[PDB]
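Next up: a single chain in structure tokens, the form deposited in one PDB entry.
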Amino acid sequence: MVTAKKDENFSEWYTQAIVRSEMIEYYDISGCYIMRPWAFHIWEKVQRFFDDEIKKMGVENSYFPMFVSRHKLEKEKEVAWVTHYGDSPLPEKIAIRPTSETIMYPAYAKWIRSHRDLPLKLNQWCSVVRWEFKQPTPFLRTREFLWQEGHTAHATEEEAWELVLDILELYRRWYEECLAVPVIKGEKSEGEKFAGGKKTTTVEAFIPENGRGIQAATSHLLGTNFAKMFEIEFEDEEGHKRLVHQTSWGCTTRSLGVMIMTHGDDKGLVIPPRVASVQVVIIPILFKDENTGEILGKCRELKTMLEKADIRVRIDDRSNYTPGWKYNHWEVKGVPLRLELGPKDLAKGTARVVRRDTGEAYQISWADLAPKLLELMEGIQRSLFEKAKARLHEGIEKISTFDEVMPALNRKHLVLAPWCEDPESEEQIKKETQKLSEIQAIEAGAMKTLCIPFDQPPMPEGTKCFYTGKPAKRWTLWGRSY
């Protein structure tokens, strides 16, 4: 049973919800967590979705080593260094991948010779290690995390860019379609883009309870920069060697954290039906003074009937726990639909169904069960999305000048402001908002750009930048961030 309230101590609530639902286990090496099956099933589901999608684009899976030489890694210049095999020292220390550009792109340079070798599209599912000495957050910021990283190479910048955008659309569907989390597509500022890339696009999500934006996933136009560092060139049909144009793109188990925080409530997790490993839990009522065999046999029949409609069903027929215990047990784990069946329902040929998001209950004839539940699941999914979408739009203030920033941040909101996109102005804004935040804390940090949204509201003609007074260039989404 969860006891911390989501709107009071968000940290403790989140810890309780992910521990008591058996999603996370702690580990003696700080910054790493055990991902138990209840969470891993959701990861498997979104991984299957995305893997199918990119296979339709011709992307193929592969596996590159987890180690990279100091030489290949410093060819492009929080990295963990292997230095010893038990007793023996290594002749040269090797790094564990924080990302695989420097591991893969030498191979790319060998494999790409002609324009007929392009496009080259590879992906891998693995973990990477980014070893920060700061305190971790389960799912959101961990020292090891599972991800996928795709890396493509094209004959033209425009083809590479169209791919960047197609992948960003897949990430939007990953979050919005599967996880029911609303996100904002945008471009990262020059100061925040991937090191060595040309243009970094992102989908951004929002955590209302602490007011923070989080980078949900990233799709980079690398252009020819990595091609120059690794000499990845192809021949046209005329014989002139030309640099390939590259992309890389990544998304991680951070997505699970974002789903939990988005949909959970004071009773615990709420899993969108499209990724719940158990969509319907069947709880028979098991009075001592009843035909228990009949009740359980009807539960098995209903399970078969629902699974023919591709509904994922579990029966909890344990005699040693009361139905109230089971109600709370599966609410904590976030199963979206609970189906109750006792002697009265049997005599009436109906079932009682309770939805996890609102607690609304329905009485459904057995004949109508599968089509009704299907409808109900799509209604839960959509409702989880729309409410989250509402909380997103309520969390964003459109402003015009800088003294509107601090009030908006004290309301745990993001700000959408006309910006000149000068990089020096961004670092000045970060340091001033941090100092203003510290001074406020004394009476009881920093705001950064999150993204330059693709969906730009109207820009009146003479509009000026909210911090420098110079001509505004575009609306930019700022806030505190993970």
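Residue numbers here begin at 1 and follow the sequence given. Each form is matched to the other, and the largest set of C-alpha atoms that superpose within 1.5 Å is called the rigid core.
This next part talks about the form deposited in another entry, which is not shown.
J.: Go through 114, 322, 400, 156 and flag the only one whose CA is off by 2 Å or more between this form and the one not shown, rigid core held fixed.
T.: One residue passes the 2 Å cut-off, namely 322.
J.: Does residue 371 count as moved between this form and the one not shown, where moved means a C-alpha shift of 2 angstroms or more after fitting the rigid core?
T.: No, the C-alpha position differs by under 2 Å between this form and the one not shown.
J.: Using a superposition on the rigid core, decide whether the Cα position of residue 89 changes by 2 angstroms or more between this form and the one not shown.
T.: The answer is yes, as the C-alpha of residue 89 shifts between this form and the one not shown by 2 Å or more after core alignment.
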